[PDB]
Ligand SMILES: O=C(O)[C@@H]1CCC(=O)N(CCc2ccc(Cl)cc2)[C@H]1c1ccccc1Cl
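Only one chain is included here, represented as structure tokens and corresponding to the form solved without this ligand.
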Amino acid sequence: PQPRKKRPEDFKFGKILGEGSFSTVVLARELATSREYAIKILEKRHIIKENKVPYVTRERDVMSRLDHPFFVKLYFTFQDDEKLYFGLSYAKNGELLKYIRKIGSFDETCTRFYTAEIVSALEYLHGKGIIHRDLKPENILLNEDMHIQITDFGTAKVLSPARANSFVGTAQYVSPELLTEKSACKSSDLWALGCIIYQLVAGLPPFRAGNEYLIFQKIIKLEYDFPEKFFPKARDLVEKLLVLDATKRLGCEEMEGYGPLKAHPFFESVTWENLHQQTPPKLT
């Protein structure tokens, strides 16, 4: 028997944190507690006529199932005549993208630390049979303490008894199978992990071009290069993620799961069991 449904009147709304095609995220201070939430506001008419009800519903369903420190948390939901509100954990330090851009690229220690966190999140997600489908630095957020907080679950897939076909994520993190077989699997997220590691180190994602078509041509041909600089062990790890055959990516079920992934030499000095309680290294 939970507390009363909240209302917009219970909040003092502040700045917009971001805008999407279908939603807006706004900082709000709850008045009875003074707690700050990031409140995701979706308009019901726009959702209905853009046929997005399955996606908003999946978002709500999935977030309600997650209970882990590396995920943006859904505390509550309510609605008025026009709008839906998701009360979300407020991730103070913003997008991981912001930091890559600000410091250029990551040293080996910060790459290791954040890649390890991303790996733990995904192990947890995949253990629950959930594929993210649009993993990337824009939706890997950072809390006040600088730990990751992954978000944006409207576009997720929930497996049942490795299938999909409808949606295609952000061009650069899109996996080949989405472009050749339009089907998604947990492994699709591991491809996106390989891109993100490459990006943490190189400062830019591996497949880049002047438009989306050319990025897709590069992806299906596995057309990318490593900078000479690149941490050797991070290079070796990324080569075992950016594999065209999805049943052959490190961490996938056919490759015997997360153990071989977390054993990779690149993660040699990581203690996996308490990552969220370690003090993150400084950028930079």
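The first residue of the shown sequence is 1; numbering continues from there.
Missing-residue comparison: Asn165 falls in the unmodelled set for a third or more of the other PDB entries checked. Taking only CA atoms, the mean B-factor in the PDB entry is higher for 167-175 than for the other of 129-137 and 167-175. The PDB entry records a higher mean C-alpha B factor for 229-237 than for its counterpart among 229-237 and 255-263. By the numbers in the PDB entry, the CA B factor is greatest at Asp81 among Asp81, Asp189, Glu117, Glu123.
When all modelled residues of the chain are sorted by CA temperature factor, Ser89 is found within the lowest third. Annotation for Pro206: C-alpha temperature factor in the middle third relative to the rest of the modelled chain, per the entry. The entry lists a Cα temperature factor for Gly104 that places it in the highest third of the chain's modelled residues. Ranked by C-alpha B-factor against the other modelled residues of its chain, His68 falls in the lowest third.
The entry lists a Cα temperature factor for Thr77 that places it in the lowest third of the chain's modelled residues.
Below, we turn to the form solved in complex with this ligand, even though it does not appear here.
Within 2.4 Å of any backbone or C-beta atom of the shown chain, none of the atoms of this ligand lands once it is superimposed from its position in the deposited complex; the pocket counts as open.
Look at 190-198, 75-83, 106-114, 176-184: in the deposited complex, residues with non-hydrogen atoms within 4.5 angstroms of this ligand sit in 75-83. This ligand is not drawn, but in the deposited complex it has a heavy atom within 4.5 Å of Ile48. Not displayed here, this ligand is kept clear of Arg235 by more than 4.5 Å at the level of heavy atoms in the deposited complex. Taking the partner from the other structure, this ligand in the deposited complex has no heavy atom within 4.5 Å of any heavy atom of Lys248. Of the heavy atoms in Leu242, none are within 4.5 Å of this ligand in the deposited complex. Not one of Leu214, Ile219 and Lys221 is positioned with any heavy atom within 4.5 Å of this ligand in the deposited complex. Contacts to this ligand in the deposited complex (heavy atom within 4.5 Å) from stretch 42-67: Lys44, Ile47, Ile48, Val53, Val56, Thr57, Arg60.
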